[PDB]
Structure formats: C-alpha cells, structure tokens
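Engineer: Handing you this structure, nothing more for now.
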Ligand SMILES: *[C@@H]1O[C@H](CO)[C@@H](O)[C@H](O)[C@H]1NC(C)=O
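Protein chains in written order, with PDB author numbering: chain A, 333 to 528; chain F, 1 to 134; chain B, 1 to 125.
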C-alpha cells in the first residue's frame, strides 16, 4: 500500500553538485509513476531498455534515484554511450543502461541575480569514471611532469569548478536538475513493483 | 546572513610589520577562496592576495610577493594578512573578500568579482623620506 | 556520425498508397527508437509515428492513426512508413528521426538526437 518516495527525490529542497551526485535507494514499495505521467514541464523524459508506458506494469529487484544539477548543453551526456566532461569525469551511465533520465530547467530555483556558484563539476581527472562511479576527492590535479604535493601552481590545478548560473545565461548555460532512475533485474526477489 | 569583519590596521614605520585579521560569520568558503584587496585615496582597487579555503594554496600580486603572507585558520573561520617589509605605497584601506565561485585556476581570483567584502581597516606607513613635497 | 537516409517519396493520387523507408548507416539501428515527423507547406515539424526497439509499442499522430503503419527491420537497418488512403493534407517533407531513448514525450522533436534531410511526398487530385 506504501508508494516509493519519488516526491523526496524530485522535490528535494537541495540538489547535489554533479561531481558529488546523490543516490537514494528505492526498495520494498509500490512505484506509482502517475505523478510523472501528469508532468509536462520536464525538458526530457526518456527510458532505456523499457517503455515509459510500461513503468506501472514492471517489477525490479532494485531501483536507484540519482540526482544532481548540470548546464543545459550537458543534459545530452546523461545517456548511454556519451563522452564529455560530465560523462567522463562526473556521472557516467553504462552502455546498456536500463532506467529513465528526467531533467527540467531549474532557473527559477538555481539562478540568482549576481549568479549562483554553489554547483560544482570536476574539470580534470587522471581517467574516465566507470558507470555509477563517484569521485568527491579534491586532490590538486597534476597536469605536468612535476608532482604537486597539494600546492597549486603552473600545471597544478584544483580539480573542481563552479557553474555560473546567471539569469542572463543562454539556454545551454541555464541550470537543469536531473533525476536518473536505474533499474536492476538480478536472479533475486523483486522489491519494487508498479500499482498493476 | 554573512559578515566579514577586518581588524589589525594601524600606523607602522617602513620596514615594519602589521597583521590584518578577517573573522567570517554566516558561512564557510569550502572549495572557493578568500582574498585581500586595498584602495589608496583616489586610486583604483588593487588585488593583494587570495587563498584556497580548503587546500590553503596562495596567490599574490607582484607588488607584495615575498613580503605579505595570506593564511587562514578553519576552526576560527578567519583569514589573515601578515604584512612584512611594509613600504610607503602599501598605505591604503585593506578589506577581505569572499568568493562563492570555486575556480580551478587559483590565479583567476586576481580578477574574478568577489561577492562578499568587509568594512575595511586603514593601514598607514610612515617613512623618513618626507614624500609629500610642497 | 550516424546518418539516416529517407527514400520512397514522390507523386501519388489521393486515396493511393506510398511506402517510405529510412536506412541508418552502421549497426546502431537496433539500439534506436525510430520516428517519422513531417513538415507541410509553411507549418512546424509535426509528429507522425514512432516505434520502440522491440517493434512494440508503436505511436501515431491523431491525424494518421488507422491510415499509416510504422514497422522496423533490424537486419536491414530500416524503418518503414506504410501510408494508405492519402489526402492532400499529407503533402509534406517526411523526416526520419532516431534516439537511444524512448521518450514519454515521443511527439517532441527535441527528444530525438538524429535526423534525416527528409523525403518529399506530394498527394495530388
Ligand atoms: C512535486 O511537487 C508536487 C507537490 O505537491 C506534487 O504534485 C508532485 O507529486 C511532486 N513530484 C513528485 C515526482 O512526487
């Protein structure tokens, strides 16, 4: 009788920086998508490996809700098989992703006169993330042949940078809140089913 | 609801030392930076120093490098400017700044617009040159 | 680098039938939800039909439901649009579109990453 807490994820007052992306486990609950079905303001609502029309009919052994903020031009990167700063260094979907990606323009909440700089991305990393990997380290990034030893300088850079969310920003630089619903199908009891 | 409050200004003779403090209440500057600016009467604001709050790396204007040290104590939520080898010319109003923006390159903080600043503390340097000629 | 190429358009009499085809280059076709959009003389791209990876479900714009059939052949990297009982109103450039993802908002052009240049259909009387 007890619905999965999608409201807690979609309507959270604070959203995570993409580099420190948030993950909520959803289990042992009825997954009623009817509140997403009656939404029209999402900029994107795509599922991979399942039809959005069948989400109320399906059972999964686990569900994860990952949430974070990115720029408009970067929403494309939240999909299987993408490269770029976000897919490579911040949040990586697997090539065979099963789940749904929902994004919406959050300019009303996430941009301020003078700019909101609270949302960060990783700009540098020694290698690409594996799918669903999270890197929250702040080690000075060694870009040259000489080690940094935690001192910034030439070829020694802080690995994170603020998005600058100004109201004057073009569509591609406006903030977008993202919710990724990842579905797992293992040889294990189903924890999450739809109403029917 | 944040405030930057500077203390430690005053008069010094050329060659001497002063320590400016800036107590921050209302927030931290975690992965971002704090800085010191100065403005002499009828002269444009000038960058002095910046420090990354998390890691503590420092960036200095050429005019103060090797003479002024910026540092911070995270427990006291305070940034400091140790002003050694003071010159006539270091005479200005000094104010601490906060940056909400995390910049990857520390040198950006030399020109990036600060979003927080304190009241200012006056620093006057005496010489024996008698600069002001009539 | 994925290209969609539409063919099978030309002149046809009202009441008549036409089969559009769209071939995707490479071997990524199977991973795509395929759709048809159309642009009538001086109107916006309008949704016509879409087909999910497994051939089910299928979707149709209100004005072509019953008359048109979308189908796919993964072995030929081809999506097809069988158009029957054609009217003058069906005169348009028909564009093939493709995406990795199946959108809840399947009628939105912005939900499809890949686009052909289109094939011209003219229905006369
Ligand atoms: C978020 O906002 C309103 C709060 O009443 C509600 O209609 C909706 O259910 C919420 N969204 C989700 C996904 O639960």
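Backbone N, C-alpha and C define an ideal beta-carbon position, used for all residues, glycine too.
Can you tell me where the alpha helix (DSSP H) holding residue 516 of chain A begins and where it ends?
Structural biologist: Here residue 516 of chain A refers to the residue found at position 184 of the first chain. Where residue 516 of chain A is concerned, there is no enclosing alpha helix (DSSP H), although the beta strand (DSSP E) it sits in stretches over 507-516.
Engineer: Quick check: residue 4 of chain B and residue 35 of chain B, are their CB atoms within less than 7 Å of each other?
Structural biologist: Numbered from 1 along the third chain, position 4 holds the residue referred to as residue 4 of chain B. Numbered from 1 along the third chain, position 35 holds the residue referred to as residue 35 of chain B. Not a contact, by the Cβ cut-off of 7 Å.
Engineer: Got a sec: does ligand 1 put a non-hydrogen atom nearer than 6 Å to the Cβ of residue 374 of chain A?
Structural biologist: Against the first chain, residue 374 of chain A aligns to sequence position 42. Every heavy atom of ligand 1 is 6 Å or more from the Cβ of residue 374 of chain A, so no.
Engineer: Since residue 60 of chain B is in the beta strand (DSSP E), which residue starts that stretch and which ends it?
Structural biologist: Along the third chain, one-based indexing puts residue 60 of chain B at 60. First-last of the beta strand (DSSP E) with residue 60 of chain B: 58-60.
Engineer: Taking 6 Å as the cut-off, does the CB of residue 339 of chain A come closer than this to any heavy atom belonging to ligand 1?
Structural biologist: Taking the first residue of the first chain as 1, we reach residue 339 of chain A at position 7. Within the cutoff, so yes.
Engineer: Are the Cβ atoms of residue 492 of chain A and residue 28 of chain F separated by less than 7 Å?
Structural biologist: Along the first chain, one-based indexing puts residue 492 of chain A at 160. Along the second chain, one-based indexing puts residue 28 of chain F at 28. Cβ distance not < 7 Å, so residue 492 of chain A and residue 28 of chain F don't count as in contact.
Engineer: If contact means a Cβ-Cβ distance below 8 Å, which residues of the stretch 3-30 of chain F contact chain A?
Structural biologist: For the stretch 3-30 of chain F, which is checked against every Cβ of chain A, not one residue is closer than 8 Å.
Engineer: Three Cβ pairs or more, each shorter than 8 Å: is that satisfied between the stretch 376-384 of chain A and the stretch 478-497 of chain A?
Structural biologist: With a cut-off of 8 Å, the stretch 478-497 of chain A and the stretch 376-384 of chain A do not count as touching, because too few Cβ pairs lie within range.
Engineer: Quick one: give me the first and last residue of the alpha helix (DSSP H) that residue 339 of chain A is part of.
Structural biologist: By one-based count along the first chain, residue 339 of chain A stands at place 7. Residue 339 of chain A -> alpha helix (DSSP H) spans 338-342.
Engineer: Which value, in whole angstroms, describes the spacing of the CA atoms of residue 354 of chain A and residue 469 of chain A?
Structural biologist: Residue mapping note: residue 354 of chain A aligns to position 22 of the first chain, counting from 1. Residue mapping note: residue 469 of chain A aligns to position 137 of the first chain, counting from 1. Using only the alpha carbons, I get a separation of about 15 Å.
Engineer: For residue 451 of chain A versus residue 100 of chain F, is the C-beta distance shorter than 7 Å?
Structural biologist: Reading the first chain from its first residue, position 119 is the one you call residue 451 of chain A. Reading the second chain from its first residue, position 100 is the one you call residue 100 of chain F. In this structure, residue 100 of chain F does not lie closer than 7 Å to residue 451 of chain A by Cβ.
Engineer: Any idea if residue 335 of chain A is buried or exposed, counting beta-carbon neighbours within 10 angstroms, 16 or more meaning buried?
Structural biologist: For this step, residue 335 of chain A is matched to residue 3 along the first chain. So residue 335 of chain A counts as exposed.
Engineer: Pick from A:406, A:402, A:338, A:487: whose alpha carbon is nearest that of residue 529 of chain A?
Structural biologist: Since the displayed chain A opens at 333 and closes at 528, residue 529 of chain A lies outside it and no answer follows.
Engineer: Given 8 Å as the limit, is there contact between the stretch 81-96 of chain F and the stretch 2-15 of chain F, that is, 3 or more CB pairs closer than that?
Structural biologist: Output reads yes: the stretch 2-15 of chain F touches the stretch 81-96 of chain F.
Engineer: My assumption, with CB atoms under 8 Å, is that residue 504 of chain A sits in contact with residue 404 of chain A. Please give the rounded CB distance.
Structural biologist: The residue labelled residue 504 of chain A in the question sits at position 172 within the first chain. The residue labelled residue 404 of chain A in the question sits at position 72 within the first chain. With 8 Å as the limit, residue 504 of chain A and residue 404 of chain A qualify as a contact, their Cβ atoms being about 5 Å apart.
Engineer: Where residue 124 of chain F and residue 42 of chain F are concerned, what is the direct C-alpha to C-alpha distance, given to the nearest angstrom?
Structural biologist: For this step, residue 124 of chain F is matched to residue 124 along the second chain. For this step, residue 42 of chain F is matched to residue 42 along the second chain. Looking at the two C-alpha atoms, the distance is approximately 15 Å.
Engineer: Could you pull the start and end residues of the alpha helix (DSSP H) that residue 442 of chain A belongs to?
Structural biologist: Reading the first chain from its first residue, position 110 is the one you call residue 442 of chain A. Start and end: 439-442.
Engineer: Mark residue 50 of chain F as exposed unless 16 or more other C-beta atoms lie within 10 angstroms of its C-beta, in which case mark it buried.
Structural biologist: For the purposes of this step, residue 50 of chain F is taken as the residue at position 50 of the second chain. Burial call: buried.
Engineer: Can you list, in chain order, the residues of the stretch 76-108 of chain B whose Cβ is nearer than 8 Å to any Cβ on chain A?
Structural biologist: Going along the stretch 76-108 of chain B in chain order, one finds 99, 100, 101, 102, 103, 104, 105 with a Cβ nearer than 8 Å to chain A.
Engineer: Let me check you understand the geometry: is the CB of residue 347 of chain A closer than 6 Å to at least one non-hydrogen atom of ligand 1?
Structural biologist: For the purposes of this step, residue 347 of chain A is identified with residue 15 of the first chain, where counting begins at 1. No; taking the cut-off as 6 Å, the Cβ of residue 347 of chain A has no heavy atom of ligand 1 nearer than that.
Engineer: Shortest alpha-carbon distance to residue 431 of chain A belongs to which of A:418, A:444, A:385?
Structural biologist: Here residue 431 of chain A is taken as the residue at index 99 of the first chain, counted from 1. Checking every option, the nearest Cα to that of residue 431 of chain A belongs to A:385.
Engineer: Could you tell me which of B:74, B:122, B:115 sits nearest to residue 6 of chain B, measuring between CA atoms?
Structural biologist: As a working mapping, residue 6 of chain B is identified with position 6 in the third chain. Answer by Cα proximity: B:115.
Engineer: What three-state label does DSSP hand residue 75 of chain B in the structure shown?
Structural biologist: In the third chain, residue 75 of chain B corresponds to position 75, counting from 1. Helix, per DSSP.
Engineer: Report yes if the CB atom of residue 88 of chain F is closer than 7 Å to the CB atom of residue 63 of chain F, and no otherwise.
Structural biologist: Residue mapping note: residue 88 of chain F aligns to position 88 of the second chain, counting from 1. Residue mapping note: residue 63 of chain F aligns to position 63 of the second chain, counting from 1. In this structure, residue 63 of chain F does not lie closer than 7 Å to residue 88 of chain F by Cβ.
Engineer: For the beta strand (DSSP E) containing residue 94 of chain F, list its first residue and its last residue.
Structural biologist: Along the second chain, one-based indexing puts residue 94 of chain F at 94. Its beta strand (DSSP E) spans residues 92-99.
Engineer: How big is the Cα-Cα spacing for residue 117 of chain B and residue 373 of chain A?
Structural biologist: Your numbering for residue 117 of chain B matches position 117 in the third chain. Your numbering for residue 373 of chain A matches position 41 in the first chain. Whole-angstrom Cα-Cα distance: 29 Å.
Engineer: Straight-line CA distance for residue 43 of chain B to residue 506 of chain A?
Structural biologist: Within the third chain, numbered from 1, the residue matching residue 43 of chain B stands at position 43. Within the first chain, numbered from 1, the residue matching residue 506 of chain A stands at position 174. C-alpha separation (whole angstroms): 29 Å.
Engineer: For my contact list, residue 342 of chain A and residue 515 of chain A are in at a C-beta cut-off of 8 Å; report their separation, rounded to the angstrom.
Structural biologist: Against the first chain, residue 342 of chain A aligns to sequence position 10. Against the first chain, residue 515 of chain A aligns to sequence position 183. Residue 342 of chain A to residue 515 of chain A, Cβ: 17 Å. No contact.
Engineer: Run down chain A in chain order and give the residues with a C-beta less than 8 Å from the C-beta of residue 97 of chain F.
Structural biologist: Here residue 97 of chain F corresponds to residue number 97 of the second chain, with the count starting at 1. Within 8 Å Cβ-Cβ: nothing; residue 97 of chain F doesn't reach chain A, min ~14 Å.
Engineer: From this set, A:360, A:500, A:525, A:362, which residue's C-alpha is nearest residue 440 of chain A's C-alpha?
Structural biologist: Counting from one through the first chain, the residue named residue 440 of chain A turns up at place 108. When each option's Cα is compared against that of residue 440 of chain A, the closest is A:500.
Engineer: Which residues of chain A have a Cβ atom closer than 8 Å to the Cβ of residue 102 of chain F, listed in chain order?
Structural biologist: Looking up residue 102 of chain F in the second chain gives position 102. The contacting residues are 449, 452, 490, 492, 493, 494.
Engineer: Using the Cβ count rule (16 or more neighbours within 10 Å means buried), how would you classify residue 56 of chain B?
Structural biologist: Here residue 56 of chain B refers to the residue found at position 56 of the third chain. Looking at its Cβ environment, which holds fewer than 16 other Cβ atoms inside 10 Å, residue 56 of chain B is exposed.
Engineer: Could you run through the stretch 414-426 of chain A and flag, in chain order, every residue whose CB is less than 9 Å away from some CB of chain F?
Structural biologist: Within the stretch 414-426 of chain A, no residue has a Cβ that lies closer than 9 Å to any Cβ of chain F.
Engineer: Any heavy atom of ligand 1 closer than 6 Å to the Cβ of residue 370 of chain A?
Structural biologist: Here residue 370 of chain A refers to the residue found at position 38 of the first chain. Every heavy atom of ligand 1 is 6 Å or more from the Cβ of residue 370 of chain A, so no.
Engineer: Can you name the start and end residues of the beta strand (DSSP E) that residue 5 of chain B belongs to?
Structural biologist: Position 5 of the third chain holds residue 5 of chain B. 4-7 is the extent of the beta strand (DSSP E) around residue 5 of chain B.
Engineer: On the three-pair Cβ rule with 8 Å, is the stretch 467-482 of chain A touching the stretch 364-373 of chain A?
Structural biologist: Segments in contact, no.
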